[PDB]
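A lone chain, given as structure tokens: the form deposited in one PDB entry.
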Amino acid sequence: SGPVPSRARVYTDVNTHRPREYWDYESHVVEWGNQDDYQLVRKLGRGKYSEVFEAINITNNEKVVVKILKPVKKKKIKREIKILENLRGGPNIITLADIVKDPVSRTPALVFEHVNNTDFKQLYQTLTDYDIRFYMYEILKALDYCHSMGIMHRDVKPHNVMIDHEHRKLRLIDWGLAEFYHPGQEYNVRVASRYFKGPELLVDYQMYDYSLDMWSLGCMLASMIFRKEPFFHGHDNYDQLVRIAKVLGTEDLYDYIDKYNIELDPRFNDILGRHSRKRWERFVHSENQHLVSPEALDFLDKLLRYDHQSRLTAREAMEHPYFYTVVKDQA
């Protein structure tokens, strides 16, 4: 029969009304600079294979971050560069400063503005209830902007959120998985990190949209207010949905599958079972209760929905009572 089609309920046609060159990144011509304008100072990497470095612009002695790109198709290099140029100057979007190639190895690298980041595994333990509301609101500014610009981030997670806590500066980074939204397009479901994958990716529903980012944001919020990182801790993609189903219940999951006529992998038949939708009070205890409030639970519940159409938009999220005090202080 086939799956039922889907369209984003906001910013549906913003790319159609753009000139072709805005979203047709395969035709984008890159102007490569010389990496000899920057001297690498220290590896900021997280693994053996990442190539992120702190560097100095020798011309003006300003601190920057150099990301040496892994060998992927030239299309994906142009896609990330075009998206970074399209979003330049947006709220809490990382600023692309330069694009260079190593003269010897001809390896392409992206140069970004420097952020004095504190890693989330050390920062989140210290965040007050107000800090979480403040930083969630800052992420929502970046998400509403890039969604309004016809772009899905598709890899929202704490590792991709740089925070200068001293200056309360937040930047959304790592746009190498980001894509342009086009109504009716079927996208690859092998995106985002496992613990932040939306149900549509896990059940192989390809006609998704910006609301994928809002599920990932819901996973971040749940880990922060409940002090459980990550919140849905699956062992693989199949077990990831099982972890979700033990919290949100299987009834809404099978309703979601029936509504879009999604063909469920036969492996999910045995492992999913039957589970009720749990109340969020079950995850509250004396170590996290100071971060949990009725406003936080109401907001979180509206992000973590199987049906991507029923999740809050970034704009709707920014108007939730959970952020009333943050909006007041900003004005």
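Just count from 1 along the sequence shown to find any residue number. Here the rigid core means the biggest group of C-alpha atoms that line up within 1.5 Å when the two forms are laid on top of each other.
The same protein has a further form, the form solved in complex with a partner chain, not shown here; the description that follows concerns it.
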Looking in the entry with it bound, is its partner chain within 4.5 angstroms of a heavy atom from every one of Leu212, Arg277 and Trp280? no
From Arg79, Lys141, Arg171, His114: within 4.5 Å of its partner chain in the entry with it bound by heavy atoms is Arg79
Among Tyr124, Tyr135, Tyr260, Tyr187, just one has a heavy atom within 4.5 Å of its partner chain in the entry with it bound, namely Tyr187
Residue-level question: is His290 within 4.5 Å of its partner chain in the entry with it bound, judged on heavy atoms? no
Counting only non-hydrogen atoms and a 4.5 angstroms cut-off, does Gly176 reach its partner chain in the entry with it bound? yes
How about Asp131: is it within 4.5 Å of its partner chain in the entry with it bound, going by heavy atoms? no
Would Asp301 count as a contact of its partner chain in the entry with it bound, using a 4.5 angstroms cut-off between non-hydrogen atoms? no
Mind telling me which stretch in 150 to 158, 163 to 171, 213 to 221, 251 to 259 gets its heavy atoms within 4.5 Å of its partner chain in the entry with it bound? 150 to 158
Which one of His290, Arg274, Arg279, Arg46 is the only residue whose C-alpha moves by 2 Å or more between this form and the one not shown, after superposing on the core? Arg46
For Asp36, does the CA position differ by 2 Å or more between this form and the one not shown when the superposition is done on the rigid core? yes
If the CA atoms of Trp175 and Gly47 move by 3 Å or more in the entry with it bound, do they move toward each other or away, so closer or farther than here? closer
In the entry with it bound, whether the C-alpha atoms of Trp175 and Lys48 sit closer or farther than here (change of 3 Å or more): closer
